[PDB]
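One structure is given here, and the rest of the page talks about it.
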Amino acid sequence: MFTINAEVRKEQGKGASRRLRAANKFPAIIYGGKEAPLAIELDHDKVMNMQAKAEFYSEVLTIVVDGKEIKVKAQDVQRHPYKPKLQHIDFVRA
């Protein structure tokens, strides 16, 4: 449903993860149920709009992994309402 932006664990620069640990992003993981899961980038601020509280996973959602509209429901959405944290998100295929 939603449009959560994501990239293959790579930030604005070269290599990997040379911006998130200063700006306001954190990595997240997408599981399916067979193959090894896909570790990807995730914003903190931008996604909070979608997160809100429980609703995020309830109505189902979609992640754009470099022009791949991966539909997820998610399970361990380790978010914090009221005051944001967004420690990690373990998404799961819809």
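In the structure tokens, chains take letters A, B, ... by order of appearance, with residues numbered from 1 within each chain and ligands from 1 in the order shown.
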
Identify, with DSSP run on backbone atoms, the residues in chain A assigned to strand (DSSP E), and express the list as a list in words.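 Filtering chain A down to strand (DSSP E) leaves residues 4, 5, 6, 28, 29, 30, 31, 38, 39, 40, 61, 62, 63, 64, 65, 69, 70, 71, 72, 76, 77, 78, 88, 89, 90, 91 and 92 of chain A.
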
Do a neighbour search on residue 43 of chain A at 7 Å with only C-alpha atoms, toss out local chain neighbours closer than 6 positions, and write the hits as a PyMOL selection string. chain A and resi 24-26

Rows by chain and residue number, segment 1-54 of chain A within 9 Å of segment 87-90 of chain A, shortest pair, only C-alpha atoms, as JSON lines:
```
{"residue": "A:26", "atom": "CA", "partner": "A:88", "partner_atom": "CA", "distance": 7.3}
{"residue": "A:27", "atom": "CA", "partner": "A:88", "partner_atom": "CA", "distance": 7.0}
{"residue": "A:28", "atom": "CA", "partner": "A:89", "partner_atom": "CA", "distance": 5.1}
{"residue": "A:29", "atom": "CA", "partner": "A:90", "partner_atom": "CA", "distance": 5.1}
{"residue": "A:30", "atom": "CA", "partner": "A:90", "partner_atom": "CA", "distance": 6.0}
{"residue": "A:31", "atom": "CA", "partner": "A:90", "partner_atom": "CA", "distance": 7.0}
{"residue": "A:42", "atom": "CA", "partner": "A:89", "partner_atom": "CA", "distance": 8.9}
```

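Here the DSSP assignment of alpha helix (DSSP H), based on backbone atoms, applies within chain A to residues 45, 46, 47, 48, 49, 50, 51, 55, 56, 57 and 58 of chain A.
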
Show me, as a PDB file with C-alpha atoms, in the first residue's frame, the residues that have an atom within 10 Å of residue 23 of chain A when counting only C-alpha atoms, minus same-chain residues fewer than 4 positions from it.
```pdb
ATOM      1  CA  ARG A  18      28.623   6.127   5.326  1.00  0.00           C
ATOM      2  CA  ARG A  19      25.750   8.560   6.044  1.00  0.00           C
ATOM      3  CA  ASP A  43      14.835   6.177   6.444  1.00  0.00           C
ATOM      4  CA  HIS A  44      13.966   7.107  10.050  1.00  0.00           C
TER       5      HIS A  44
END
```

Any idea what the distance is between atom CA of residue 40 of chain A and atom CA of residue 78 of chain A? 15.9 Å

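Compared by their closest atoms to residue 3 of chain A, and using only C-alpha atoms, the residues A:85, A:53, A:93, A:46 rank with A:46 nearest.
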
Please provide the set of residues having any atom within 8 Å of residue 60 of chain A, restricted to only C-alpha atoms, with same-chain residues fewer than 2 positions apart removed, written as a list in words.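 Here the answer would be residues 1, 56, 57, 58, 62, 71, 72, 73, 74 and 94 of chain A.
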
If we count only C-alpha atoms, what is near residue 54 of chain A at a cut-off of 10 Å, once residues fewer than 4 positions away on the same chain are taken out, given as a PyMOL selection string? chain A and resi 58-59+77+79-81

Provide the atom CA of residue 38 of chain A to atom CA of residue 11 of chain A distance in Å, to one decimal place.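 Taking atom CA of residue 38 of chain A as the start and atom CA of residue 11 of chain A as the end point, the length is 15.9 Å.
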